[PDB]
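Have a look at query-v2.cif below; it lists mmCIF, C-alpha atoms; chains and numbers go by the auth columns.
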data_run
#
loop_
_atom_site.group_PDB
_atom_site.id
_atom_site.type_symbol
_atom_site.label_atom_id
_atom_site.label_comp_id
_atom_site.label_asym_id
_atom_site.label_seq_id
_atom_site.Cartn_x
_atom_site.Cartn_y
_atom_site.Cartn_z
_atom_site.B_iso_or_equiv
_atom_site.auth_seq_id
_atom_site.auth_asym_id
ATOM 1 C CA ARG A 1 7.181 88.163 -146.576 0.00 1 Q
ATOM 2 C CA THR A 2 3.365 88.028 -145.992 0.00 2 Q
ATOM 3 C CA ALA A 3 3.622 88.442 -142.198 0.00 3 Q
ATOM 4 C CA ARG A 4 3.490 91.944 -140.804 0.00 4 Q
ATOM 5 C CA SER A 5 2.555 93.635 -137.477 0.00 5 Q
ATOM 6 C CA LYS A 6 1.033 97.100 -136.738 0.00 6 Q
ATOM 7 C CA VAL A 7 3.783 99.593 -136.026 0.00 7 Q
ATOM 8 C CA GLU B 1 0.508 101.490 -150.725 0.00 1 A
ATOM 9 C CA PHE B 2 -2.844 101.980 -148.903 0.00 2 A
ATOM 10 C CA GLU B 3 -4.901 99.984 -146.342 0.00 3 A
ATOM 11 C CA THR B 4 -8.507 99.001 -147.026 0.00 4 A
ATOM 12 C CA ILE B 5 -11.378 98.867 -144.507 0.00 5 A
ATOM 13 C CA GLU B 6 -13.015 95.378 -144.593 0.00 6 A
ATOM 14 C CA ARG B 7 -15.589 95.799 -141.806 0.00 7 A
ATOM 15 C CA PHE B 8 -16.598 98.253 -139.095 0.00 8 A
ATOM 16 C CA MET B 9 -16.676 96.049 -135.950 0.00 9 A
ATOM 17 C CA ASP B 10 -17.734 98.381 -133.189 0.00 10 A
ATOM 18 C CA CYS B 11 -18.008 102.041 -132.170 0.00 11 A
ATOM 19 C CA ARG B 12 -17.222 103.884 -128.915 0.00 12 A
ATOM 20 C CA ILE B 13 -16.616 107.210 -127.286 0.00 13 A
ATOM 21 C CA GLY B 14 -12.961 106.957 -126.331 0.00 14 A
ATOM 22 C CA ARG B 15 -10.043 108.969 -124.999 0.00 15 A
ATOM 23 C CA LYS B 16 -8.680 111.386 -127.570 0.00 16 A
ATOM 24 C CA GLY B 17 -5.750 109.755 -129.367 0.00 17 A
ATOM 25 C CA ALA B 18 -6.595 106.191 -128.244 0.00 18 A
ATOM 26 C CA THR B 19 -6.347 105.015 -131.897 0.00 19 A
ATOM 27 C CA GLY B 20 -4.066 103.238 -134.324 0.00 20 A
ATOM 28 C CA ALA B 21 -1.243 100.750 -133.668 0.00 21 A
ATOM 29 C CA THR B 22 -1.327 101.162 -129.833 0.00 22 A
ATOM 30 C CA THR B 23 -4.881 99.733 -129.796 0.00 23 A
ATOM 31 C CA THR B 24 -4.180 96.262 -131.218 0.00 24 A
ATOM 32 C CA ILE B 25 -4.931 93.498 -128.738 0.00 25 A
ATOM 33 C CA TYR B 26 -1.194 92.701 -128.703 0.00 26 A
ATOM 34 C CA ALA B 27 -0.059 96.326 -128.088 0.00 27 A
ATOM 35 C CA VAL B 28 -2.610 96.471 -125.291 0.00 28 A
ATOM 36 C CA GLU B 29 -1.284 93.254 -123.734 0.00 29 A
ATOM 37 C CA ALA B 30 2.344 94.522 -123.913 0.00 30 A
ATOM 38 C CA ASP B 31 1.820 98.159 -122.873 0.00 31 A
ATOM 39 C CA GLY B 32 -1.688 98.673 -121.501 0.00 32 A
ATOM 40 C CA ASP B 33 -4.858 99.942 -123.115 0.00 33 A
ATOM 41 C CA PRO B 34 -4.566 103.648 -124.277 0.00 34 A
ATOM 42 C CA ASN B 35 -8.188 103.943 -123.415 0.00 35 A
ATOM 43 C CA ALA B 36 -7.732 102.566 -119.859 0.00 36 A
ATOM 44 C CA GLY B 37 -9.844 104.204 -117.185 0.00 37 A
ATOM 45 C CA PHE B 38 -11.549 106.515 -119.697 0.00 38 A
ATOM 46 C CA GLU B 39 -14.738 107.929 -118.187 0.00 39 A
ATOM 47 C CA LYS B 40 -16.544 110.028 -120.763 0.00 40 A
ATOM 48 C CA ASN B 41 -17.827 112.359 -118.008 0.00 41 A
ATOM 49 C CA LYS B 42 -14.326 113.242 -116.665 0.00 42 A
ATOM 50 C CA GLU B 43 -12.292 113.966 -119.917 0.00 43 A
ATOM 51 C CA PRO B 44 -12.373 114.833 -123.664 0.00 44 A
ATOM 52 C CA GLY B 45 -13.601 112.071 -125.895 0.00 45 A
ATOM 53 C CA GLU B 46 -14.053 111.351 -129.572 0.00 46 A
ATOM 54 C CA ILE B 47 -15.973 108.856 -131.709 0.00 47 A
ATOM 55 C CA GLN B 48 -13.794 105.864 -132.515 0.00 48 A
ATOM 56 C CA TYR B 49 -14.482 102.871 -134.756 0.00 49 A
ATOM 57 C CA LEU B 50 -13.002 99.389 -134.510 0.00 50 A
ATOM 58 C CA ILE B 51 -11.738 98.399 -137.950 0.00 51 A
ATOM 59 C CA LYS B 52 -11.167 94.980 -139.415 0.00 52 A
ATOM 60 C CA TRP B 53 -8.648 95.554 -142.164 0.00 53 A
ATOM 61 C CA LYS B 54 -8.495 93.769 -145.530 0.00 54 A
ATOM 62 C CA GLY B 55 -5.659 91.261 -145.571 0.00 55 A
ATOM 63 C CA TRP B 56 -5.000 91.534 -141.798 0.00 56 A
ATOM 64 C CA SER B 57 -6.389 89.090 -139.301 0.00 57 A
ATOM 65 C CA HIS B 58 -8.549 90.165 -136.390 0.00 58 A
ATOM 66 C CA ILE B 59 -5.632 90.413 -133.936 0.00 59 A
ATOM 67 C CA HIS B 60 -4.577 93.506 -135.891 0.00 60 A
ATOM 68 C CA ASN B 61 -7.951 95.323 -135.622 0.00 61 A
ATOM 69 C CA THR B 62 -7.432 98.919 -134.543 0.00 62 A
ATOM 70 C CA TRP B 63 -9.553 101.773 -133.240 0.00 63 A
ATOM 71 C CA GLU B 64 -9.680 104.783 -135.617 0.00 64 A
ATOM 72 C CA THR B 65 -11.487 108.113 -135.986 0.00 65 A
ATOM 73 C CA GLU B 66 -12.974 109.506 -139.179 0.00 66 A
ATOM 74 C CA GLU B 67 -9.928 111.865 -139.034 0.00 67 A
ATOM 75 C CA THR B 68 -7.308 109.080 -138.854 0.00 68 A
ATOM 76 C CA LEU B 69 -8.986 107.089 -141.613 0.00 69 A
ATOM 77 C CA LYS B 70 -8.931 110.132 -143.909 0.00 70 A
ATOM 78 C CA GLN B 71 -5.353 111.095 -142.935 0.00 71 A
ATOM 79 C CA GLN B 72 -4.137 107.608 -143.848 0.00 72 A
ATOM 80 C CA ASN B 73 -6.003 107.674 -147.184 0.00 73 A
ATOM 81 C CA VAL B 74 -7.618 104.291 -146.497 0.00 74 A
ATOM 82 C CA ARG B 75 -9.777 102.679 -149.151 0.00 75 A
ATOM 83 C CA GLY B 76 -13.321 101.545 -148.458 0.00 76 A
ATOM 84 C CA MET B 77 -14.454 104.896 -147.054 0.00 77 A
ATOM 85 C CA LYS B 78 -18.003 104.396 -148.427 0.00 78 A
ATOM 86 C CA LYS B 79 -18.313 101.848 -145.537 0.00 79 A
ATOM 87 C CA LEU B 80 -17.985 104.661 -143.006 0.00 80 A
ATOM 88 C CA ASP B 81 -21.005 106.547 -144.237 0.00 81 A
ATOM 89 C CA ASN B 82 -22.948 103.209 -144.358 0.00 82 A
ATOM 90 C CA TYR B 83 -21.994 102.387 -140.806 0.00 83 A
ATOM 91 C CA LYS B 84 -22.950 105.820 -139.553 0.00 84 A
ATOM 92 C CA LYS B 85 -26.360 105.488 -141.305 0.00 85 A
ATOM 93 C CA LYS B 86 -26.847 101.992 -139.798 0.00 86 A
ATOM 94 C CA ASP B 87 -25.896 103.195 -136.336 0.00 87 A
ATOM 95 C CA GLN B 88 -28.263 106.217 -136.624 0.00 88 A
ATOM 96 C CA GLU B 89 -31.155 103.830 -137.571 0.00 89 A
ATOM 97 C CA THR B 90 -30.384 101.597 -134.542 0.00 90 A
ATOM 98 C CA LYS B 91 -30.281 104.488 -132.036 0.00 91 A
ATOM 99 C CA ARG B 92 -33.687 105.588 -133.417 0.00 92 A
ATOM 100 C CA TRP B 93 -35.140 102.073 -133.074 0.00 93 A
ATOM 101 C CA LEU B 94 -33.790 101.722 -129.497 0.00 94 A
ATOM 102 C CA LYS B 95 -35.329 105.140 -128.569 0.00 95 A
ATOM 103 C CA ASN B 96 -38.818 103.880 -129.461 0.00 96 A
ATOM 104 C CA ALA B 97 -38.330 100.167 -128.598 0.00 97 A
ATOM 105 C CA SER B 98 -39.828 97.867 -125.962 0.00 98 A
ATOM 106 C CA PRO B 99 -37.897 96.767 -122.856 0.00 99 A
ATOM 107 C CA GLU B 100 -38.187 93.169 -124.076 0.00 100 A
ATOM 108 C CA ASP B 101 -36.973 93.975 -127.622 0.00 101 A
ATOM 109 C CA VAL B 102 -34.121 96.116 -126.266 0.00 102 A
ATOM 110 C CA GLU B 103 -33.275 93.222 -123.912 0.00 103 A
ATOM 111 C CA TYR B 104 -32.846 90.744 -126.852 0.00 104 A
ATOM 112 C CA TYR B 105 -30.779 93.275 -128.798 0.00 105 A
ATOM 113 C CA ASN B 106 -28.361 93.584 -125.850 0.00 106 A
ATOM 114 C CA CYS B 107 -27.960 89.806 -125.545 0.00 107 A
ATOM 115 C CA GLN B 108 -27.223 89.609 -129.313 0.00 108 A
ATOM 116 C CA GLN B 109 -24.455 92.297 -128.953 0.00 109 A
ATOM 117 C CA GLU B 110 -22.859 90.346 -126.105 0.00 110 A
ATOM 118 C CA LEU B 111 -22.812 87.120 -128.120 0.00 111 A
ATOM 119 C CA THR B 112 -21.357 88.943 -131.082 0.00 112 A
ATOM 120 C CA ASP B 113 -18.751 90.536 -128.790 0.00 113 A
ATOM 121 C CA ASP B 114 -17.805 87.021 -127.643 0.00 114 A
ATOM 122 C CA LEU B 115 -17.544 85.697 -131.199 0.00 115 A
ATOM 123 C CA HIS B 116 -15.271 88.579 -132.190 0.00 116 A
ATOM 124 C CA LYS B 117 -12.876 87.786 -129.340 0.00 117 A
ATOM 125 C CA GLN B 118 -12.628 84.168 -130.549 0.00 118 A
ATOM 126 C CA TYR B 119 -11.335 85.353 -133.900 0.00 119 A
ATOM 127 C CA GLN B 120 -8.210 86.659 -132.191 0.00 120 A
ATOM 128 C CA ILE B 121 -7.375 83.161 -130.864 0.00 121 A
ATOM 129 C CA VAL B 122 -5.170 80.796 -132.816 0.00 122 A
ATOM 130 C CA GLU B 123 -6.851 77.413 -132.901 0.00 123 A
ATOM 131 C CA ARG B 124 -3.907 75.724 -134.671 0.00 124 A
ATOM 132 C CA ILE B 125 -0.905 76.385 -136.837 0.00 125 A
ATOM 133 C CA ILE B 126 -0.818 74.643 -140.180 0.00 126 A
ATOM 134 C CA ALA B 127 2.359 75.834 -141.939 0.00 127 A
ATOM 135 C CA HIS B 128 5.553 77.772 -141.278 0.00 128 A
ATOM 136 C CA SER B 129 7.894 79.782 -143.439 0.00 129 A
ATOM 137 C CA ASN B 130 11.297 78.515 -144.477 0.00 130 A
ATOM 138 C CA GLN B 131 12.744 81.967 -143.861 0.00 131 A
ATOM 139 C CA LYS B 132 13.442 82.982 -140.199 0.00 132 A
ATOM 140 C CA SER B 133 13.962 86.442 -138.698 0.00 133 A
ATOM 141 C CA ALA B 134 17.348 87.419 -137.317 0.00 134 A
ATOM 142 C CA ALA B 135 15.972 86.374 -133.907 0.00 135 A
ATOM 143 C CA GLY B 136 15.211 82.848 -135.300 0.00 136 A
ATOM 144 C CA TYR B 137 11.389 83.026 -135.561 0.00 137 A
ATOM 145 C CA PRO B 138 9.616 81.670 -138.642 0.00 138 A
ATOM 146 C CA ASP B 139 6.271 83.017 -139.584 0.00 139 A
ATOM 147 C CA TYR B 140 3.241 80.796 -138.945 0.00 140 A
ATOM 148 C CA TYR B 141 0.061 80.102 -140.978 0.00 141 A
ATOM 149 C CA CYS B 142 -2.705 80.326 -138.438 0.00 142 A
ATOM 150 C CA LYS B 143 -6.223 78.915 -138.294 0.00 143 A
ATOM 151 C CA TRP B 144 -8.357 81.212 -136.090 0.00 144 A
ATOM 152 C CA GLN B 145 -11.095 80.076 -133.682 0.00 145 A
ATOM 153 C CA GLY B 146 -14.585 80.477 -135.138 0.00 146 A
ATOM 154 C CA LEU B 147 -13.391 81.282 -138.676 0.00 147 A
ATOM 155 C CA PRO B 148 -13.148 78.991 -141.720 0.00 148 A
ATOM 156 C CA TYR B 149 -9.767 77.935 -143.244 0.00 149 A
ATOM 157 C CA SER B 150 -10.253 80.615 -145.919 0.00 150 A
ATOM 158 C CA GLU B 151 -9.511 83.205 -143.224 0.00 151 A
ATOM 159 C CA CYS B 152 -6.167 81.672 -142.165 0.00 152 A
ATOM 160 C CA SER B 153 -3.298 84.115 -142.169 0.00 153 A
ATOM 161 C CA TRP B 154 0.507 84.367 -142.034 0.00 154 A
ATOM 162 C CA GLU B 155 1.582 85.881 -138.686 0.00 155 A
ATOM 163 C CA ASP B 156 4.934 87.004 -137.217 0.00 156 A
ATOM 164 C CA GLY B 157 6.375 84.139 -135.163 0.00 157 A
ATOM 165 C CA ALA B 158 7.692 86.419 -132.391 0.00 158 A
ATOM 166 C CA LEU B 159 4.219 87.794 -131.941 0.00 159 A
ATOM 167 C CA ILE B 160 2.423 84.387 -132.077 0.00 160 A
ATOM 168 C CA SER B 161 4.910 82.897 -129.574 0.00 161 A
ATOM 169 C CA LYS B 162 3.968 85.407 -126.877 0.00 162 A
ATOM 170 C CA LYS B 163 0.518 83.963 -126.433 0.00 163 A
ATOM 171 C CA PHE B 164 0.244 80.793 -128.517 0.00 164 A
ATOM 172 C CA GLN B 165 3.325 78.850 -127.763 0.00 165 A
ATOM 173 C CA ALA B 166 1.246 75.730 -127.131 0.00 166 A
ATOM 174 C CA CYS B 167 0.041 75.925 -130.742 0.00 167 A
ATOM 175 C CA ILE B 168 3.654 76.152 -131.915 0.00 168 A
ATOM 176 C CA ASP B 169 4.642 73.110 -129.842 0.00 169 A
ATOM 177 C CA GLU B 170 1.566 71.128 -131.167 0.00 170 A
ATOM 178 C CA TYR B 171 2.452 71.994 -134.754 0.00 171 A
ATOM 179 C CA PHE B 172 6.082 70.906 -134.552 0.00 172 A
ATOM 180 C CA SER B 173 4.867 67.784 -132.617 0.00 173 A
#
What is this file in structure tokens?
Amino acid sequence: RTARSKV
Amino acid sequence: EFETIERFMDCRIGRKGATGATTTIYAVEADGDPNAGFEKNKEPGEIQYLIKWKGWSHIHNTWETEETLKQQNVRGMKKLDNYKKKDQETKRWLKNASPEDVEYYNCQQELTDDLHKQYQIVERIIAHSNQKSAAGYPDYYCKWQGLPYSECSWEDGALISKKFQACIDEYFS
């Protein structure tokens, strides 16, 4: 999965 | 697994600890800016840099200190020393620079500021993932305002829907 968010 | 600095985008004196994931434009929109109301004459401050990260679009830019970059073992640290040297040369120029020349520099920084904000705007969506999250969101392949198609990126659908629903509706149109 190429989509990520900053956590 | 390590992150890599692509570009230093800006510098500021900010509130101590106003760095990392809480400083993305989308964290700020959800929870407020960690640097809100910071007046450098009324509280402790620290030098913070706005980082464009390799393989992450501009919506994910974060503010960081030299300390947080080193703690996270990020690659591209040679760029820090370069940026510091560039910024030292600019301060020096400004200190012995005409009102006129300083005037044109300040207009150029405002236009650049404006351009950087465009990069955080989805212009259109051009693909979506077959896989959905448990909450039913695909991911979306986004074309960003002011950037070429080479800088398109996969983004979390839940995140993109918060602000760019009209782009989602246009795409599935």
Return the neighbours of chain A among the residues of chain Q, cut-off 6 Å, counting all atoms listed in the file, as a PyMOL selection string. chain Q and resi 3+6-7
What does the structure give for the distance between CA of residue 142 in chain A and CA of residue 128 in chain A, in Å to one decimal?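 Going from CA of residue 142 in chain A over to CA of residue 128 in chain A, I get 9.1 Å.
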For residue 13 in chain A: contacts at 12 Å, all atoms listed in the file, fewer than 6 positions along chain excluded, given as a PyMOL selection string: chain A and resi 19+35+38-41+43-50+63-65
Find the residues near residue 165 in chain A: any atom within 12 Å, counting all atoms listed in the file, skip ones fewer than 2 places away on the same chain, and give them as a PyMOL selection string. chain A and resi 121-125+137+140+157-163+167-172
With distances taken over all atoms listed in the file, which of A:90, A:112, A:133, A:96 is nearest to residue 1 in chain Q? A:133
Looking at A:57, A:5, A:29, A:126, which one is nearest to residue 2 in chain Q, with distances taken over all atoms listed in the file?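 Residue with the minimum atom-to-atom distance to residue 2 in chain Q: A:57.
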Written as a list in words, what is the full residue list that the PyMOL selection byres ((chain A and resi 54) around 10) yields on the file shown?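 Expected selection for the PyMOL selection byres ((chain A and resi 54) around 10) here is residues 3, 4, 5, 6, 7, 51, 52, 53, 55, 56, 57, 58, 75 and 76 of chain A.
Reported to one decimal place, the separation of CA of residue 102 in chain A from CA of residue 14 in chain A is 23.8 Å.
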